[PDB]
Amino acid sequence: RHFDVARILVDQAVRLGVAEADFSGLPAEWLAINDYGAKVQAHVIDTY
Amino acid sequence: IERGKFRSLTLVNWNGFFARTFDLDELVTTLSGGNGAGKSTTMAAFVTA
Amino acid sequence: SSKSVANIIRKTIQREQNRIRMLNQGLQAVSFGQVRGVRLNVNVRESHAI
Ligand SMILES: Nc1ncnc2c1ncn2[C@@H]1O[C@H](COP(=O)(O)OP(=O)(O)OP(=O)(O)O)[C@@H](O)[C@H]1O
Ligand SMILES: [Mg+2]
């Protein structure tokens, strides 16, 4: 079920403000969010 | 052997994209978003490049 | 005859402009993507007004 959760969570998270680092020109890293090899690429959401 | 691969796609100062890099997958990359999200714009980026 | 023609065209254009402009208010700000409203623009063409 993990995937069907991740998507939904992201859908809920991106409506809440933006990430200021996205204008810095510095790409974000692919942080692992579990075992088995799942990864996420997103800057911290700062400006609400 | 060892087919070359497109690793990344960068958009700079475009409508909705000041500076955005997508890491192209080795097999499948899937853009997803509501109407007007700007996916056709990304494929436009790829082709025009 | 030419004057009468021009007059009848002007009257018909004015009537149709009024009808369409009244009709335009029959729309209520549809929400589609980044499109927030749809409207019909009717304007007499200067190239034809001359
Ligand atoms: N040449 C242009 N001039 C003005 N606005 C544009 C132009 N091209 C795209 N847009 C706007 O940019 C936004 C993204 O358009 P685009 O077609 O890339 O979206 P999309 O998410 O890929 O679309 P869809 O999923 O419906 O195929 C929309 O508001 C569109 O109106
Ligand atoms: Mg599109």
# chains A, B, ... in the order shown; residues from 1 in each chain; ligands from 1

call {"tool": "interface_residues", "arguments": {"of": "chain B", "to": "chain A", "cutoff": "8 Å", "atoms": "only C-alpha atoms", "output": "JSON, numbers by chain"}}
result
{"B": [18, 19, 20, 21]}

call {"tool": "residues_near_ligand", "arguments": {"ligand": "ligand 1", "cutoff": "8 Å", "atoms": "only C-alpha atoms and all ligand atoms", "output": "list in words"}}
result
residues 15, 16, 33, 34, 35, 36, 37, 38, 39, 40, 41 and 42 of chain B; 33, 34 and 35 of chain C

call {"tool": "select_by_dssp", "arguments": {"residues": "chain B", "states": "strand (DSSP E)", "output": "list in words"}}
result
residues 8, 9, 10, 11, 12, 13, 14, 17, 18, 19, 20, 21, 22 and 23 of chain B

call {"tool": "closest_residue", "arguments": {"among": "C:32, C:43, C:4, C:38", "to": "residue C:16", "atoms": "only C-alpha atoms"}}
result
C:43
